[PDB]
Amino acid sequence: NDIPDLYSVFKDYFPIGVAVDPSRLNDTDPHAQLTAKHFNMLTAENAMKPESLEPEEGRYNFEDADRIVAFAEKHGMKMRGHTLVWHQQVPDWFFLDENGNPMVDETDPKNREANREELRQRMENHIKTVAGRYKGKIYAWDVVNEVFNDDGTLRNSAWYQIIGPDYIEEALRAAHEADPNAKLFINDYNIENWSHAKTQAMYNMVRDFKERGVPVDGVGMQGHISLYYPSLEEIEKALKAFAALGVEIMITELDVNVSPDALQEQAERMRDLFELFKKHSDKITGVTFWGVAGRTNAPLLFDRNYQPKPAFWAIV
Numbered sequence: 009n010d011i012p013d014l015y016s017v018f019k020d021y022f023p024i025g026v027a028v029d030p031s032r033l034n035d036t037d038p039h040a041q042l043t044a045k046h047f048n049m050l051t052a053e054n055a056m057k058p059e060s061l062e063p064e065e066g067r068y069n070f071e072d073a074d075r076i077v078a079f080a081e082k083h084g085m086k087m088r089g090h091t092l093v094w095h096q097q098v099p100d101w102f103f104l105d106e107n108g109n110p111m112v113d114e115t116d117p118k119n120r121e122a123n124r125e126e127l128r129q130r131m132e133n134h135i136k137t138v139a140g141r142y143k144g145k146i147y148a149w150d151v152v153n154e155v156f157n158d159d160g161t162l163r164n165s166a167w168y169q170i171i172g173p174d175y176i177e178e179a180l181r182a183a184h185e186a187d188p189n190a191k192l193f194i195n196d197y198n199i200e201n202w203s204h205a206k207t208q209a210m211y212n213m214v215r216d217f218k219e220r221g222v223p224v225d226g227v228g229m230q231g232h233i234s235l236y237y238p239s240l241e242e243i244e245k246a247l248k249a250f251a252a253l254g255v256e257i258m259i260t261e262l263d264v265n270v271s272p273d274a275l276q277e278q279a280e281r282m283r284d285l286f287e288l289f290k291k292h293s294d295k296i297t298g299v300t301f302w303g304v305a318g319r320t321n322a323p324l325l326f327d328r329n330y331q332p333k334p335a336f337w338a339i340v
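The sequence shown maps to residues 9 to 265, 270 to 305, 318 to 340 in PDB author numbering.
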């Protein structure tokens, strides 16, 4: 093949990743070839979300997740696990009490204290089982995802209402204990802009962890970013700030969301961002492209026929 291997262009800056579907992983399939050719880091689009792994209490299905991991092993890609604890794509059973009522709806102080304990157990068991299964095979775990409201207050999810603010630290310790080799990330969107309240809440929390000894290695910036905003300057201060805490940064779902002028504009923004990422490659340990957009898993980069798009030539 005559075009450059994307991940090679970024050697000794950072790995380049994509999220995949377990259906698309056969040698027969050009998708799988495009993945193996261009990327050296992989995430499960959905196979490792809570609802995928533990549909019912204590019932696990690892089929698709295993296929994805095996794919990474074969091609020697870094595996991101996504995600251990989240308020979305999480089965209802998790948050039901003894009788099968919403735990959230409990008023009695003695029973709440009992619900708290069951949820901690459930959270930790899920963590131990999943991280335990994949022990040593996972470059980085997204241990928690989207813990913040956009205003920078903690999200009032079931996790938070029942366990209270501790669930996060608890998820991180349990992950650390199950697989010490895995980098532990806290992931979110709207945390690219240093001036944003959210980005600052996340800084404060992470700082707190680093100072209190709570294991955390990295912050995951989703990187749903527009053409003009946030400014490269604003992003830079964010990278500097977190890197000052001694945590790594990953861009976990990079996306710069029709016509011929449209494409060339997005390609230039991407050029710019990648310039900025390269400038700070010491602080950044992976860039994964968002890819649900049928369009490829890296829709920014490769057309529906697997041909390079403007954006791809912009960054190589």
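We treat Cβ as the ideally placed atom computed from N, Cα and C, and that holds for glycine.
Could you check the C-alpha separation between residue i and residue j for me, to the nearest Å?
{"i": "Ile194", "j": "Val28", "result": "21 angstroms"}
{"i": "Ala322", "j": "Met282", "result": "13 angstroms"}
{"i": "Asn329", "j": "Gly231", "result": "25 angstroms"}
{"i": "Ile171", "j": "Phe103", "result": "11 angstroms"}
{"i": "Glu64", "j": "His90", "result": "19 angstroms"}
{"i": "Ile233", "j": "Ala122", "result": "42 angstroms"}
{"i": "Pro332", "j": "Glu280", "result": "15 angstroms"}
{"i": "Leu247", "j": "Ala205", "result": "15 angstroms"}
{"i": "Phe289", "j": "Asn119", "result": "49 angstroms"}
{"i": "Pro110", "j": "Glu62", "result": "18 angstroms"}
{"i": "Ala55", "j": "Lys218", "result": "30 angstroms"}
{"i": "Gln208", "j": "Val17", "result": "32 angstroms"}
{"i": "residue 341", "j": "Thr161", "result": "Lying before the first or after the last residue shown, residue 341 is absent from the chain, which here runs from 9 to 340."}
{"i": "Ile176", "j": "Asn34", "result": "37 angstroms"}
{"i": "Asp159", "j": "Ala73", "result": "34 angstroms"}
{"i": "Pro272", "j": "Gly108", "result": "55 angstroms"}
{"i": "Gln97", "j": "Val304", "result": "16 angstroms"}
Rounded to the nearest angstrom, how far is the Cβ of residue i from that of residue j, given a contact under 8 angstroms?
{"i": "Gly298", "j": "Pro23", "result": "5 angstroms"}
{"i": "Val112", "j": "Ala166", "result": "6 angstroms"}
{"i": "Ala148", "j": "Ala183", "result": "10 angstroms between Cβ atoms; not a contact."}
{"i": "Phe250", "j": "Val214", "result": "7 angstroms"}
{"i": "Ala80", "j": "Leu50", "result": "5 angstroms"}
{"i": "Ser203", "j": "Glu154", "result": "So it is not a contact: roughly 20 angstroms between Cβ atoms."}
{"i": "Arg141", "j": "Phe70", "result": "6 angstroms"}
{"i": "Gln278", "j": "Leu235", "result": "7 angstroms"}
{"i": "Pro12", "j": "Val340", "result": "5 angstroms"}
{"i": "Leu92", "j": "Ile146", "result": "With a Cβ gap of about 10 angstroms, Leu92 and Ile146 do not count as contacting."}
DSSP puts residue i in a beta bridge; with which residues?
{"i": "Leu247", "result": "Note: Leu247 sits in no beta bridge, so no partner."}
{"i": "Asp113", "result": "According to DSSP, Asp113 bridges with nothing at all."}
{"i": "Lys86", "result": "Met49"}
{"i": "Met56", "result": "None, per the DSSP bridge assignment."}
{"i": "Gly228", "result": "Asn195 and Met258"}
{"i": "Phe326", "result": "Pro332"}
{"i": "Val93", "result": "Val152"}
{"i": "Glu106", "result": "Answer by DSSP bridge pairing: none, since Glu106 is not bridged."}
{"i": "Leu162", "result": "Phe156"}
{"i": "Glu64", "result": "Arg67"}
{"i": "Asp263", "result": "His232"}
Ends of the beta strand (DSSP E) at residue i?
{"i": "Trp149", "result": "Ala148 to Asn153"}
{"i": "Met282", "result": "Note, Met282: premise wrong, no beta strand (DSSP E); alpha helix (DSSP H) at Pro272 to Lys291."}
{"i": "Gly298", "result": "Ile296 to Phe301"}
{"i": "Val28", "result": "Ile24 to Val28"}
Closest to residue i by CA distance: which of the options is it?
{"i": "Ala40", "options": "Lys82, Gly66 and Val255", "result": "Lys82"}
{"i": "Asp10", "options": "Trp94, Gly303, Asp273 and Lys45", "result": "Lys45"}
{"i": "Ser239", "options": "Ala205, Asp284 and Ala183", "result": "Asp284"}
{"i": "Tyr21", "options": "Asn48, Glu114 and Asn123", "result": "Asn48"}
{"i": "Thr300", "options": "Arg88, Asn189 and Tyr175", "result": "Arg88"}
{"i": "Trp94", "options": "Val152, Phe70, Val227 and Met258", "result": "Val152"}
{"i": "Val255", "options": "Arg220, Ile296 and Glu132", "result": "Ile296"}
{"i": "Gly25", "options": "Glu106, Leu325 and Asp105", "result": "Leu325"}
{"i": "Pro30", "options": "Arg75, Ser16 and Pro12", "result": "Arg75"}
{"i": "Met229", "options": "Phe217, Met210, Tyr237 and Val222", "result": "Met210"}
{"i": "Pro99", "options": "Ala274, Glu219, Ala52 and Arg67", "result": "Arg67"}
{"i": "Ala252", "options": "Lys145, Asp174 and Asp225", "result": "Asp225"}
{"i": "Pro188", "options": "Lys143, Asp174, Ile199 and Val222", "result": "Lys143"}
{"i": "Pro334", "options": "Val227, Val270 and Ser60", "result": "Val270"}
{"i": "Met85", "options": "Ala52, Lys57 and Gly108", "result": "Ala52"}
{"i": "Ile257", "options": "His292, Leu92 and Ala274", "result": "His292"}
{"i": "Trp302", "options": "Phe336, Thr260 and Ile339", "result": "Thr260"}
{"i": "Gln169", "options": "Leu262, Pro272, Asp327 and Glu125", "result": "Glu125"}
{"i": "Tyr237", "options": "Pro223, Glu200, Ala305 and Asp174", "result": "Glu200"}
{"i": "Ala338", "options": "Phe286, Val304, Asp294 and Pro223", "result": "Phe286"}
{"i": "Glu185", "options": "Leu127, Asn133, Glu106 and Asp37", "result": "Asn133"}
{"i": "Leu42", "options": "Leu14, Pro223 and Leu127", "result": "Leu14"}
{"i": "residue 347", "options": "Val222, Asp105, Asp294 and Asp216", "result": "Because residue 347 is not part of the residues shown, which for the chain are 9 to 340, the question remains open."}
{"i": "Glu59", "options": "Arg163, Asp174 and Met131", "result": "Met131"}
Let's see if you can read the secondary structure: which residues bound the alpha helix (DSSP H) around residue i?
{"i": "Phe336", "result": "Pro334 to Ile339"}
{"i": "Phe217", "result": "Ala205 to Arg220"}
{"i": "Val17", "result": "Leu14 to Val17"}
{"i": "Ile170", "result": "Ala166 to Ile171"}
{"i": "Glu200", "result": "From DSSP, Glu200 is part of no alpha helix (DSSP H); its letter is neither H nor E."}
{"i": "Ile176", "result": "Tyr175 to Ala186"}
8 angstroms is my cut-off, CB to CB: does residue i come that close to chain D?
{"i": "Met213", "result": "Included in the structure is just one protein chain, with no chain D present."}
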